[PDB]
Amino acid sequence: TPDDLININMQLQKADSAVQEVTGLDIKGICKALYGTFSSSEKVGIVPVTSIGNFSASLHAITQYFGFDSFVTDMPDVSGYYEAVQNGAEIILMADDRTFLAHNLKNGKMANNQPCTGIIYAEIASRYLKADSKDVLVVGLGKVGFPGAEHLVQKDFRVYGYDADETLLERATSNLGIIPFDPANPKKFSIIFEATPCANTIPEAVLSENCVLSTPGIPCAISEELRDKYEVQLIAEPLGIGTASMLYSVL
């Protein structure tokens, strides 16, 4: 509500700075570099869906920050959708338990939260100013991680991948031509991308001093101890960066 407004706005400004530190660009600039696209106060309708609407309030906060004219509809679901279109929304933003989408009504473009999150976090990791090599470790090759790994291959990085499910590791190896990472033969990285719903997924063996860990993952892949010891540059934010990615991907 009131101090939460300050709280979300703080967390976004922090993340923006962490992104500036690592890449030289802010989140706005990353999206501009990623999609060749820019905010022009487009009207975005945030429609709550049945699946107390605090998530939509966060999205309102987040979209305001990036220079969009956003609103939350009074009605939820289909009534909400209708209210949004009728009130001049150019982009619809909405989520249920399994899908979070942004739909641009002007141009027909639609984004899914998961690939957009994976692409932007991978992009941020790839742009690490003080990285020594083009080698990158991706841990987690699910709905967020696989598209992030794909983005990294297309930017001609040498991508190593690991997933706890051999099945998903196999898929990525075949589809993307990434190198399977073996914990029995680790290697140090200066660039790490992690898309896992688990903590302590990044072993100490893999870390180098002043590496970037870029992770949308909840909770955090590295312990506070290890990120202190290695002075790990941490890119992690729970909703805003992914949301910006979506919005900018559809403009």
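Only the largest set of C-alpha atoms that superpose within 1.5 Å between the two forms is called the rigid core. A residue's number is simply how far along the shown sequence it sits, counting from 1.
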Stretch departing more from the displayed form, 63 to 71 or 183 to 191, Cα RMS in 8 other deposited structures of this protein (core fit) = 183 to 191
Deposited-sequence gap flanked by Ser51 and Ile52 | 4 to 9
For the stretches 135 to 143 and 105 to 113, which has the higher mean C-alpha B-factor as given in the deposited record?
-> 105 to 113
On average, are the C-alpha B-factors higher in 92 to 100 or in 118 to 126?
-> 92 to 100
Select one of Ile222, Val212, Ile46, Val206: the residue whose C-alpha shows the highest B-factor in the crystal structure entry.
-> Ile222
Highest CA temperature factor in the entry: which of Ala199, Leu59, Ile30, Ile192?
-> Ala199
Going by the entry, which third of its chain does the Cα temperature factor of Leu169 land in?
-> middle
Third of the chain, ranked by Cα B-factor, where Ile8 sits | highest
Would the CA B-factor of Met75 place it in the lowest, middle or highest third of its chain?
-> highest
Considering only modelled residues of the same chain, in which third does the CA B-factor of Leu176 rank: lowest, middle or highest?
-> highest
